[PDB]
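J.: Provided herewith is a single structure, encoded as structure tokens, for subsequent inquiry.
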There are 2 protein chains.
Amino acid sequence: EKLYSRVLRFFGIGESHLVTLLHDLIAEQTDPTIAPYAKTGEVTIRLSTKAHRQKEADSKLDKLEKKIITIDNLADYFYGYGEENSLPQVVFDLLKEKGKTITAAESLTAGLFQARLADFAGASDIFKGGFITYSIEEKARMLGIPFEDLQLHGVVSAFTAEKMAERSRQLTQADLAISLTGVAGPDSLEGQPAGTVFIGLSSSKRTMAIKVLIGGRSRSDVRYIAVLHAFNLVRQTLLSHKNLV
Amino acid sequence: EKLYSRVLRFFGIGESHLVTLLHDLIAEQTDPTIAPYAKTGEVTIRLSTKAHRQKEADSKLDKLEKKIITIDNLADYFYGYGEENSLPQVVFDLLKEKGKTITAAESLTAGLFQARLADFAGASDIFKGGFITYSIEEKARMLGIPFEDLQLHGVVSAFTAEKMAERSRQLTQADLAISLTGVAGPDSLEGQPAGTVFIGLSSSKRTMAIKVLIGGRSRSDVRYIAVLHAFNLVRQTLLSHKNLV
Ligand SMILES: [Cl-]
Ligand SMILES: [Cl-]
Ligand SMILES: [Cl-]
Ligand SMILES: [Cl-]
């Protein structure tokens with residue numbers, strides 16, 4: 001008999017919060033065993049059971065996974081399976097599955113989002129290119145956003161996130177466009193504290209932006225975690241059944 | 001007794017070739033010590049000598065260093081010192097020191113070069129933004145390169161690398177522009193093998209391109225190493241006392 005495992009991957013809930021929900025079934029567990037593991041920007045849960053064949057183990061792993069997912073809104077945070085899966089891999093597969101293309105305009109991440117897209121073979125089917133608008137002048141110049149408007153609202157704002165996404169979509173005619181603008185830290189920017197990030201998303205149907213706070217993190221961690229927030233926003237939009245793309 | 005160390009950092013030569021050039025010196029060196037080390041993209045040599053003062057230690061570390069750098073073309077590959085140092089860090093400091101700004105147009109690296117620039121605090125002083133031209137369509141549209149010529153020469157060509165660098169410099173008004181186009185792999189393109197990368201560099205004085213071969217490497221390593229080749233090209237141009245920028 002071999003040890004079979006299954007890894008559940010979650011984004012949007014901290015490892016300290018998720019296990020408080022779970023401890024009912026962690027303090028009660030038997031077989032499969034449950035083991036949570038946190039990493040930069042996300043958390044996972046390892047289920048482990050003994051069985052003779054992958055079919056038998058899958059059947060027991062499925063029952064405990066159903067218990068976990070239905071708790072609270074964990075279905076909103078669970079995004080995939082696998083020791084190596086990641087939000088960018090899930091989004092890449094989802095983009096190819098739905099025949100959509102994506103572009104981006106990045107400031108503080110400065111290319112990390114689009115570089116993660118190119119990590120996967122065949123990315124050219126879903127990604128044709130994008131923009132790194134690191135200055136206010138290049139946000140205006142590259143994308144065609146009025147310079148005064150950027151100055152008035154600030155580059156760290158929902159307005160600027162929405163405009164970067166809408167204009168980069170219109171310049172590339174990709175199906176979706178992501179924008180990332182915020183404060184890498186540690187200094188505040190425009191009165192916005194370190195870790196404040198606005199992430200825009202634009203399709204032909206709608207343009208919107210989310211505001212996230214990645215507080216208490218290094219420069220590199222804010223940029224890295226902001227990329228995951230952007231990929232998760234794409235994931236939710238593609239999985240939504242609401243004609244969003 | 002106190003241990004005093006010095007780390008020499010090299011780019012453009014592999015571990016096998018470096019150790020071969022150093023064979024005679026290493027076989028005859030007892031104090032200071034000599035230890036070569038390698039990782040993806042670069043190689044280092046650590047020298048150790050003991051003394052309870054640096055002027056005594058630095059004097060013999062200096063004589064071992066001179067013997068090393070005078071071997072063959074190792075002066076061409078040596079780029080800096082320090083256990084925690086890097087080629088992007090050295091090039092970043094050089095851009096600040098010389099008061100030069102830089103932009104980029106990236107295809108296969110897809111933003112890794114510009115994302116590496118933003119790793120350093122104050123990157124906004126020397127970097128205002130750039131382009132990710134992942135497709136032949138966006139190479140033409142974003143940079144204004146005549147399409148017929150891109151298809152004629154091929155996207156993996158010195159011609160295309162030169163045009164990408166020249167156009168991105170002219171669109172941003174930056175002092176320098178880097179371009180990266182090549183065969184990420186693992187299977188060939190345009191009859192060129194995987195790892196074939198053309199790297200353009202444009203100033204108002206001159207536009208040129210180099211060709212590098214990163215063969216037998218995975219996609220991610222090709223992109224990672226291509227980024228370093230681009231940084232080294234910037235380094236050599238800024239250090240060249242030849243009216244190149
Ligand atoms: Cl799994
Ligand atoms: Cl930003
Ligand atoms: Cl050193
Ligand atoms: Cl070599």
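Starting from 1 in every chain, residues are counted up; chains themselves are A, B, ... following the order of the structure tokens, and ligands are numbered from 1 as listed.
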Using only C-alpha atoms and all ligand atoms, which protein or nucleic acid residues are at most 6 Å from ligand 1, as an mmCIF file with C-alpha atoms, in the first residue's frame?
T.:
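And here is the file that came out, pocket11.cif:
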data_model
loop_
_atom_site.group_PDB
_atom_site.id
_atom_site.type_symbol
_atom_site.label_atom_id
_atom_site.label_comp_id
_atom_site.auth_asym_id
_atom_site.auth_seq_id
_atom_site.Cartn_x
_atom_site.Cartn_y
_atom_site.Cartn_z
ATOM 1 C CA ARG A 6 -3.659 15.685 -2.884
ATOM 2 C CA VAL A 7 -2.755 19.370 -2.598
ATOM 3 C CA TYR A 81 -4.738 21.226 -7.313
ATOM 4 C CA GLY A 82 -1.111 20.174 -7.339
#
J.: For the full set of C-alpha atoms taken in order, report to one decimal the RMSD after fitting chain B onto chain A.
T.: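 After superposition, the RMSD is 0.6 Å.
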J.: Using only C-alpha atoms, which of the listed residues (B:227, B:171, B:145, B:180) sits closest to chain A?
T.: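 When distances to chain A are compared using only C-alpha atoms, the smallest one comes from B:171.
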J.: For residue 201 (chain A), find every residue with an atom within 12 Å (counting only C-alpha atoms), except residues of its own chain fewer than 6 positions away, and show them as a PyMOL selection string.
T.: chain A and resi 102-106+158-169+174-181+207-211+229-238+244-245
J.: Would you mind exporting the chosen residues as a tab-separated table (two decimals), in the first residue's frame, restricted to N, CA and C atoms?
T.:
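Once written, again.tsv looks like this:
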chain	number	residue	atom	x	y	z
A	102	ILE	N	-4.82	38.22	-23.61
A	102	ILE	CA	-4.65	39.16	-22.52
A	102	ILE	C	-3.45	40.04	-22.82
A	103	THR	N	-3.52	41.29	-22.35
A	103	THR	CA	-2.39	42.20	-22.34
A	103	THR	C	-2.29	42.82	-20.96
A	104	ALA	N	-1.27	43.65	-20.76
A	104	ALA	CA	-1.11	44.30	-19.47
A	104	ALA	C	-0.35	45.60	-19.64
A	105	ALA	N	-0.60	46.51	-18.70
A	105	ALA	CA	0.22	47.70	-18.48
A	105	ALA	C	0.66	47.67	-17.02
A	106	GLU	N	1.96	47.54	-16.80
A	106	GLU	CA	2.52	47.36	-15.46
A	106	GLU	C	3.37	48.56	-15.08
A	158	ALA	N	-7.75	54.21	-8.32
A	158	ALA	CA	-8.63	53.38	-9.14
A	158	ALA	C	-8.77	53.97	-10.54
A	159	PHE	N	-8.89	55.30	-10.63
A	159	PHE	CA	-8.98	55.97	-11.93
A	159	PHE	C	-7.83	55.57	-12.84
A	160	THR	N	-6.59	55.69	-12.35
A	160	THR	CA	-5.43	55.40	-13.17
A	160	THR	C	-5.34	53.92	-13.51
A	161	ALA	N	-5.71	53.05	-12.56
A	161	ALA	CA	-5.74	51.61	-12.85
A	161	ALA	C	-6.73	51.29	-13.96
A	162	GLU	N	-7.91	51.90	-13.90
A	162	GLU	CA	-8.93	51.63	-14.91
A	162	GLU	C	-8.51	52.15	-16.28
A	163	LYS	N	-7.83	53.30	-16.32
A	163	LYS	CA	-7.46	53.90	-17.60
A	163	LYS	C	-6.32	53.12	-18.27
A	164	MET	N	-5.39	52.64	-17.47
A	164	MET	CA	-4.27	51.87	-17.97
A	164	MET	C	-4.75	50.59	-18.59
A	165	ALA	N	-5.71	49.96	-17.95
A	165	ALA	CA	-6.27	48.70	-18.44
A	165	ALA	C	-7.12	48.93	-19.68
A	166	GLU	N	-8.01	49.93	-19.65
A	166	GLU	CA	-8.87	50.19	-20.80
A	166	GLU	C	-8.05	50.58	-22.03
A	167	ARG	N	-7.04	51.44	-21.85
A	167	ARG	CA	-6.28	51.91	-23.00
A	167	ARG	C	-5.36	50.82	-23.55
A	168	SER	N	-4.74	50.03	-22.68
A	168	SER	CA	-3.89	48.95	-23.17
A	168	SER	C	-4.72	47.88	-23.89
A	169	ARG	N	-5.94	47.63	-23.42
A	169	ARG	CA	-6.84	46.76	-24.18
A	169	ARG	C	-7.15	47.35	-25.55
A	174	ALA	N	-6.65	43.09	-27.33
A	174	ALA	CA	-6.77	41.84	-26.60
A	174	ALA	C	-8.16	41.74	-25.97
A	175	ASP	N	-8.56	40.51	-25.64
A	175	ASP	CA	-9.85	40.33	-25.00
A	175	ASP	C	-9.86	40.93	-23.60
A	176	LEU	N	-8.76	40.79	-22.86
A	176	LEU	CA	-8.65	41.27	-21.49
A	176	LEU	C	-7.36	42.06	-21.33
A	177	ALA	N	-7.40	43.04	-20.42
A	177	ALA	CA	-6.21	43.81	-20.07
A	177	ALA	C	-6.15	43.98	-18.56
A	178	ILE	N	-4.97	43.74	-18.00
A	178	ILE	CA	-4.69	43.92	-16.58
A	178	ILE	C	-3.80	45.15	-16.43
A	179	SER	N	-4.02	45.92	-15.37
A	179	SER	CA	-3.11	46.99	-15.00
A	179	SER	C	-2.70	46.83	-13.54
A	180	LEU	N	-1.50	47.30	-13.22
A	180	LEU	CA	-0.96	47.20	-11.87
A	180	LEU	C	-0.25	48.50	-11.53
A	181	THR	N	-0.76	49.23	-10.54
A	181	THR	CA	-0.14	50.47	-10.08
A	181	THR	C	-0.28	50.55	-8.56
A	207	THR	N	-15.02	47.76	-17.52
A	207	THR	CA	-13.72	48.14	-16.99
A	207	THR	C	-13.89	48.41	-15.50
A	208	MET	N	-13.05	47.79	-14.67
A	208	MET	CA	-13.13	47.98	-13.23
A	208	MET	C	-11.77	47.87	-12.60
A	209	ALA	N	-11.69	48.08	-11.29
A	209	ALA	CA	-10.43	48.00	-10.57
A	209	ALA	C	-10.70	47.54	-9.14
A	210	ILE	N	-9.76	46.77	-8.60
A	210	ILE	CA	-9.79	46.39	-7.19
A	210	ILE	C	-8.66	47.11	-6.48
A	211	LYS	N	-8.84	47.28	-5.17
A	211	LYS	CA	-7.84	47.86	-4.29
A	211	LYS	C	-7.40	46.79	-3.30
A	229	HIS	N	-2.42	38.65	-7.06
A	229	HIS	CA	-3.73	39.30	-6.99
A	229	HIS	C	-4.27	39.58	-8.39
A	230	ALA	N	-3.39	40.01	-9.30
A	230	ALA	CA	-3.82	40.28	-10.67
A	230	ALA	C	-4.25	39.01	-11.39
A	231	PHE	N	-3.47	37.93	-11.24
A	231	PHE	CA	-3.84	36.67	-11.86
A	231	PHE	C	-5.15	36.13	-11.28
A	232	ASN	N	-5.35	36.29	-9.97
A	232	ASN	CA	-6.58	35.80	-9.36
A	232	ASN	C	-7.79	36.58	-9.86
A	233	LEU	N	-7.62	37.89	-10.11
A	233	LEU	CA	-8.71	38.68	-10.65
A	233	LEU	C	-9.08	38.21	-12.05
A	234	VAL	N	-8.08	37.86	-12.86
A	234	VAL	CA	-8.35	37.29	-14.18
A	234	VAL	C	-9.08	35.96	-14.04
A	235	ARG	N	-8.63	35.12	-13.10
A	235	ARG	CA	-9.24	33.82	-12.89
A	235	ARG	C	-10.72	33.95	-12.54
A	236	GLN	N	-11.05	34.82	-11.58
A	236	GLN	CA	-12.44	35.00	-11.18
A	236	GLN	C	-13.30	35.50	-12.34
A	237	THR	N	-12.75	36.39	-13.16
A	237	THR	CA	-13.50	36.93	-14.29
A	237	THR	C	-13.77	35.85	-15.33
A	238	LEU	N	-12.79	35.00	-15.60
A	238	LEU	CA	-12.97	33.94	-16.59
A	238	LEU	C	-13.90	32.85	-16.08
A	244	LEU	N	-18.65	38.35	-18.75
A	244	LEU	CA	-17.75	39.42	-18.35
A	244	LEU	C	-16.65	39.70	-19.37
A	245	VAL	N	-16.45	38.83	-20.35
A	245	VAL	CA	-15.38	39.02	-21.32
A	245	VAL	C	-15.94	39.19	-22.73
J.: If you count only C-alpha atoms, which residues fall within 8 Å of residue 33 (chain A), apart from same-chain ones fewer than 3 positions away, as a PDB file with C-alpha atoms, in the first residue's frame?
T.:
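Once everything was written out, this is result20.pdb:
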ATOM      1  CA  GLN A  29      -9.064  14.236  11.508  1.00  0.00           C
ATOM      2  CA  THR A  30      -8.272  10.543  10.970  1.00  0.00           C
ATOM      3  CA  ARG A  46      -2.126  18.556   1.879  1.00  0.00           C
ATOM      4  CA  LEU A  47      -4.445  15.574   2.204  1.00  0.00           C
ATOM      5  CA  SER A  48      -2.717  12.211   2.601  1.00  0.00           C
ATOM      6  CA  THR A  49      -4.223   8.725   2.674  1.00  0.00           C
TER       7      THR A  49
END
J.: At a cut-off of 12 Å, list the chain B residues touching chain A, using only C-alpha atoms, as a PyMOL selection string.
T.: chain B and resi 102-143+168+171-174+184-187+218-224+227
J.: Got a sec to check which residues lie within 6 Å of ligand 4, using only C-alpha atoms and all ligand atoms, and send them as a VMD selection string?
T.: chain B and resid 13 to 14 17
J.: Selected residues, C-alpha atoms, written as a PDB file, in the first residue's frame, please.
T.:
ATOM      1  CA  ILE B  13      32.740  32.405 -19.228  1.00  0.00           C
ATOM      2  CA  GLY B  14      31.599  29.040 -17.907  1.00  0.00           C
ATOM      3  CA  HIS B  17      36.643  27.084 -19.066  1.00  0.00           C
TER       4      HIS B  17
END
J.: Go through region 16-86 of chain B and collect every residue that DSSP, computed from the backbone, puts in strand (DSSP E or B); the answer should be as a VMD selection string.
T.: chain B and resid 33 to 39 42 to 51 78 to 81
J.: Those same residues - N, CA and C atoms - I'd like them written as a PDB file, in the first residue's frame.
T.:
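To be explicit, this is the file written out as result-v3.pdb:
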ATOM      1  N   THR B  33      43.907  31.285  -0.438  1.00  0.00           N
ATOM      2  CA  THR B  33      43.235  30.183  -1.104  1.00  0.00           C
ATOM      3  C   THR B  33      42.549  30.676  -2.370  1.00  0.00           C
ATOM      4  N   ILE B  34      42.157  29.724  -3.215  1.00  0.00           N
ATOM      5  CA  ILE B  34      41.381  30.002  -4.418  1.00  0.00           C
ATOM      6  C   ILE B  34      40.258  28.982  -4.517  1.00  0.00           C
ATOM      7  N   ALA B  35      39.022  29.464  -4.631  1.00  0.00           N
ATOM      8  CA  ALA B  35      37.875  28.577  -4.756  1.00  0.00           C
ATOM      9  C   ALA B  35      36.913  29.091  -5.822  1.00  0.00           C
ATOM     10  N   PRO B  36      36.769  28.386  -6.939  1.00  0.00           N
ATOM     11  CA  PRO B  36      35.779  28.785  -7.939  1.00  0.00           C
ATOM     12  C   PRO B  36      34.396  28.246  -7.610  1.00  0.00           C
ATOM     13  N   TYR B  37      33.383  29.024  -7.987  1.00  0.00           N
ATOM     14  CA  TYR B  37      31.995  28.630  -7.803  1.00  0.00           C
ATOM     15  C   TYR B  37      31.189  29.080  -9.011  1.00  0.00           C
ATOM     16  N   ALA B  38      30.125  28.339  -9.302  1.00  0.00           N
ATOM     17  CA  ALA B  38      29.306  28.612 -10.468  1.00  0.00           C
ATOM     18  C   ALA B  38      27.834  28.508 -10.104  1.00  0.00           C
ATOM     19  N   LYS B  39      27.031  29.340 -10.758  1.00  0.00           N
ATOM     20  CA  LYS B  39      25.583  29.220 -10.730  1.00  0.00           C
ATOM     21  C   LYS B  39      25.070  29.641 -12.100  1.00  0.00           C
ATOM     22  N   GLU B  42      26.605  32.883 -14.321  1.00  0.00           N
ATOM     23  CA  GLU B  42      27.865  33.511 -13.944  1.00  0.00           C
ATOM     24  C   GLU B  42      28.711  32.542 -13.131  1.00  0.00           C
ATOM     25  N   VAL B  43      29.959  32.949 -12.892  1.00  0.00           N
ATOM     26  CA  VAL B  43      30.905  32.203 -12.072  1.00  0.00           C
ATOM     27  C   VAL B  43      31.637  33.186 -11.170  1.00  0.00           C
ATOM     28  N   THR B  44      32.121  32.684 -10.035  1.00  0.00           N
ATOM     29  CA  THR B  44      32.849  33.494  -9.068  1.00  0.00           C
ATOM     30  C   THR B  44      34.105  32.765  -8.613  1.00  0.00           C
ATOM     31  N   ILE B  45      35.047  33.542  -8.081  1.00  0.00           N
ATOM     32  CA  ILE B  45      36.242  33.024  -7.423  1.00  0.00           C
ATOM     33  C   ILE B  45      36.330  33.680  -6.054  1.00  0.00           C
ATOM     34  N   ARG B  46      36.383  32.871  -5.002  1.00  0.00           N
ATOM     35  CA  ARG B  46      36.596  33.388  -3.658  1.00  0.00           C
ATOM     36  C   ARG B  46      38.044  33.168  -3.249  1.00  0.00           C
ATOM     37  N   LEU B  47      38.672  34.227  -2.751  1.00  0.00           N
ATOM     38  CA  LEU B  47      40.017  34.173  -2.205  1.00  0.00           C
ATOM     39  C   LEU B  47      39.923  34.322  -0.693  1.00  0.00           C
ATOM     40  N   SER B  48      40.621  33.455   0.038  1.00  0.00           N
ATOM     41  CA  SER B  48      40.698  33.542   1.491  1.00  0.00           C
ATOM     42  C   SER B  48      42.158  33.678   1.885  1.00  0.00           C
ATOM     43  N   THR B  49      42.445  34.601   2.797  1.00  0.00           N
ATOM     44  CA  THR B  49      43.744  34.655   3.445  1.00  0.00           C
ATOM     45  C   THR B  49      43.544  35.110   4.880  1.00  0.00           C
ATOM     46  N   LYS B  50      44.463  34.706   5.747  1.00  0.00           N
ATOM     47  CA  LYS B  50      44.361  35.011   7.163  1.00  0.00           C
ATOM     48  C   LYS B  50      45.401  36.053   7.547  1.00  0.00           C
ATOM     49  N   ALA B  51      45.001  36.934   8.456  1.00  0.00           N
ATOM     50  CA  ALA B  51      45.777  38.044   8.989  1.00  0.00           C
ATOM     51  C   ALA B  51      44.883  38.675  10.044  1.00  0.00           C
ATOM     52  N   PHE B  78      35.471  39.748 -15.944  1.00  0.00           N
ATOM     53  CA  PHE B  78      35.324  40.241 -14.581  1.00  0.00           C
ATOM     54  C   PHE B  78      34.463  41.499 -14.571  1.00  0.00           C
ATOM     55  N   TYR B  79      33.437  41.518 -13.713  1.00  0.00           N
ATOM     56  CA  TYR B  79      32.532  42.656 -13.653  1.00  0.00           C
ATOM     57  C   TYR B  79      32.388  43.291 -12.275  1.00  0.00           C
ATOM     58  N   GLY B  80      32.819  42.638 -11.200  1.00  0.00           N
ATOM     59  CA  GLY B  80      32.708  43.259  -9.896  1.00  0.00           C
ATOM     60  C   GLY B  80      33.083  42.308  -8.777  1.00  0.00           C
ATOM     61  N   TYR B  81      32.898  42.800  -7.553  1.00  0.00           N
ATOM     62  CA  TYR B  81      33.252  42.099  -6.327  1.00  0.00           C
ATOM     63  C   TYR B  81      32.020  41.888  -5.459  1.00  0.00           C
TER      64      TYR B  81
END
J.: Looking at only C-alpha atoms, which of A:214, A:239, A:8, A:150 is the one that sits closest to residue 61 (chain A)?
T.: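 The answer is A:8, which sits nearest to residue 61 (chain A).
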J.: Please, which residues of region 73-187 of chain A, numbered as in this document, come out alpha helix (DSSP H) from DSSP, as a count of residues only?
T.: 52
J.: Have a look at CA of residue 242 (chain A) and CA of residue 67 (chain A) and let me know their distance in Å, one decimal.
T.: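 Distance reported for this atom pair: 27.1 Å.
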